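[1] Quick one, fold the following:
(chains A and B)
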Amino acid sequence: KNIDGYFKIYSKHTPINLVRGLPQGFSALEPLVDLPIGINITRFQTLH
Amino acid sequence: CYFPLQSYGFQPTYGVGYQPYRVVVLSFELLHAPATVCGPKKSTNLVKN
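    Numbering: from 1, shown residues only, chains lettered A, B, ... in the order given. The protein structure is shown below:
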């Protein structure tokens, strides 16, 4: 999430028995690190 | 036609006034970017009750 240029990174990692792609349940994410950068981002990619 | 760069003679025997001084110039500029660098803080004692 980008708030006034400050980047807020939220992360959650749990082991799961899910079949394909999604489980059924409720989980709340936790904060990880905040990045005071301020760059505008209009697009993104994934890395493999 | 002259070569612009000239050399500084450096020996301990030169006079004090002409001795080379290492100069560190700090440029202080306040832009519209969010402020980060600040002066040092001070922590005091903690009291309860």
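
[2] any idea how far the nearest residue to residue A:2 once chain neighbours are set aside is from chain B?
    In space, and not counting its chain neighbours, residue A:2 is closest to residue A:41: 6.9 Å by CB to CB, 6 or more residues apart in numbering or on different chains. In this view, the C-beta of every residue, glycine as well, is placed from N, C-alpha and C. Using CB to the nearest CB, to the nearest Å, we find residue A:41 at a distance of 17 Å from chain B.

[3] secondary structure element for residue A:41?
    Of the helices and strands defined by DSSP states H and E, none includes residue A:41.

[4] Count the residues that sit near it.
    8 (other CB atoms under 10 Å in any protein chain shown).

[5] Pretty sure residue A:1 is one of the things it touches, is it not?
    No - with contacts counted by CB atoms under 8 Å, residue A:41 stays clear of residue A:1, the gap being 11.3 Å.

[6] how about stretch A:2-20 as PDB, C-alpha atoms only?
    The C-alpha trace of stretch A:2-20 is given here as PDB (Å, rounded to 0.1, in the frame of the first residue of the first chain):
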ATOM      1  CA  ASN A   2       1.200   3.500  -1.000                       C
ATOM      2  CA  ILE A   3       0.300   6.200   1.500                       C
ATOM      3  CA  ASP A   4       1.800   9.600   0.600                       C
ATOM      4  CA  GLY A   5       4.800   7.900  -0.900                       C
ATOM      5  CA  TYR A   6       5.400   5.700   2.200                       C
ATOM      6  CA  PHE A   7       5.300   2.000   1.300                       C
ATOM      7  CA  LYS A   8       3.700  -0.400   3.900                       C
ATOM      8  CA  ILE A   9       4.600  -4.000   3.400                       C
ATOM      9  CA  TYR A  10       2.300  -6.600   5.100                       C
ATOM     10  CA  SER A  11       3.200 -10.300   5.200                       C
ATOM     11  CA  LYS A  12       1.600 -13.500   6.400                       C
ATOM     12  CA  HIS A  13       2.900 -17.100   6.000                       C
ATOM     13  CA  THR A  14       1.000 -20.200   7.200                       C
ATOM     14  CA  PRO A  15       1.200 -23.900   6.200                       C
ATOM     15  CA  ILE A  16      -1.900 -25.000   4.400                       C
ATOM     16  CA  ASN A  17      -3.600 -28.200   3.100                       C
ATOM     17  CA  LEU A  18      -5.400 -26.300   0.300                       C
ATOM     18  CA  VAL A  19      -6.200 -28.300  -2.900                       C
ATOM     19  CA  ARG A  20      -5.600 -25.700  -5.600                       C
END
